[PDB]
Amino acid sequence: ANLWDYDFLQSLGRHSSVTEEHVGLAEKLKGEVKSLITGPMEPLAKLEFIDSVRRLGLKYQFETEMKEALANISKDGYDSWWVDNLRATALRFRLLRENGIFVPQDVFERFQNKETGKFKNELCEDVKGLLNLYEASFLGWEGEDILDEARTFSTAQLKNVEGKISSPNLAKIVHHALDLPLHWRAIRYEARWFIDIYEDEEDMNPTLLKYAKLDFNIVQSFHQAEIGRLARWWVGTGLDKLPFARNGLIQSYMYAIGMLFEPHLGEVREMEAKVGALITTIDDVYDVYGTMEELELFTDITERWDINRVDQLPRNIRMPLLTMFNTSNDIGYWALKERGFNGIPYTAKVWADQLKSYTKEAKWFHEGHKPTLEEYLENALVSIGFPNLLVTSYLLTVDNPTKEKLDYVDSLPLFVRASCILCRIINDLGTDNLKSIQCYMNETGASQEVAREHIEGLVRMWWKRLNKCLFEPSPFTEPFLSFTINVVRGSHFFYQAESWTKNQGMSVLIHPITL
């Protein structure tokens, strides 16, 4: 049991402690959870149950029932159960907005002083109210000034009352929230954390908890089989023996699990994990290893999709190039075989764009250029690799793929571009004139502190644009809508170190939950 050892990883999938007993039991428990979601409950208890299902990582199992239950609740007429109750108002606001039912920000106006616009100090003691208002504030859109205030008020008040909480479970939950709000957390990682928290909750439903543990283990069995296949592939490429990208395959796979964890998306997840491993490896080629002539040739070969000159590159560069080429061809071919559409033009194109973006960064560094923040981000939203990963994910999943459809996604419309910019700025915040904070410092003369606060403000702004894009009609469908949001959550989760990562990998991918 070592997450960084390829002998161990290549053995995964061979055995699993998940039995067909476990699977029949999961089918019976699923039917009872489904019935609990659709069945009688008081509305606040129903909101709390639905929120728990999501946090345990099970929305993917009960999407239709959860939407059906919230739709019934939203069209009630009776509102005494929530009106004048901050906790209930805030939970309802968030769950309805998460599930495509609009609630206006003015539901919070009654909790503000009419003269200052400030939240009332009498709320400064209601911990679960404050917590629900904090988590709700992240579902806000641009110009929803009450929700911007709700965030700053609830953050300040929670920081002040965290140490006054009596319930150890509630204290842990509030600490967790102040680190990252639930809206920004990666689903699969939050599910493993929350299974242990939920077990200790007063209101805990034992049927739901048992289902959550069983489903967690069943899903984890698919992940172990994928890791096995990917580790055997990676060792096959020989890139594991290369002087750089230490732990690139398993780091990529852990990122991919943030993007998409469901078993039915296993083949797509494996291909996203391959691309991510290659991105990390080639990033090091362009950053540390290659000479400018080597990198110009790598870029030209990729732009032309023409490997005639590849033997001019040294072995440690030639092997990443040809693995990128071969895997891009394999992924485009999977689209032809499985989806009826040859994807090679699109995998080749996004790799050429990505290497051009690396080449521009390398030229800026070589020539001592200081780009503006805007000039930097225009290139760095491509260099982060998410146009590559997201266009690929759309290629593999869209119904009735066409050149028109792939050309639109590849043009990075606002919804997609917002996700790519977020992933770049979150990475950059997770730590040189070529990173977000330093560019803004060069452009404005701001301090590190002030430049960091500006870039944090850009994270909040681009989230508000994503949030609103999801209430708008879209040419996109599931699962691509979810991928776009979930790559950002993956970025937040991994850019908040080697023991923390290993713990996440071992607890989510390697060790089953004890039943």
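Note that residue numbering follows the sequence shown and begins at 1. Heads up, when I say rigid core I mean the largest set of C-alphas that superpose within 1.5 Å between the two forms.
Using the rigid core as the fitting frame, the root mean square C-alpha deviation in 5 other deposited structures of this protein is greater for 245-253 than for the other of 245-253 and 332-340. Between 68-76 and 288-296, greater CA displacement relative to the shown form is found for 288-296 when the structures in 5 other deposited structures of this protein are fitted on the core. Of the other compared PDB entries of this protein that include residues on both sides, at least a third leave residue 432 without atoms.
Coordinates are absent for 4 to 9 residues of the deposited sequence placed between residue 496 and residue 497. The stretch of deposited sequence separating residue 113 from residue 114 contains no residues lacking coordinates in this entry.
According to the PDB record, 128-136 carries the higher mean C-alpha B-factor of the two stretches 128-136 and 322-330. Taking the PDB entry as given, 70-78 carries the higher mean Cα B factor of the two stretches 70-78 and 146-154. As recorded in the PDB entry, 431 shows the highest C-alpha B-factor of the residues 419, 252, 217, 431. In the PDB entry, the Cα temperature factor peaks, among 443, 407, 98, 283, at 443. Ranked by Cα temperature factor within the chain, residue 228 sits in the middle third according to the deposited record. Sort the modelled residues of the chain by CA B factor and residue 211 lands in the middle third. In this PDB entry, residue 462 carries a Cα temperature factor that places it within the lowest third of its chain's modelled residues. In the PDB entry, residue 294 places in the middle third of its chain by CA B-factor. The PDB entry assigns residue 60 a C-alpha temperature factor belonging to the middle third of its chain's modelled residues.
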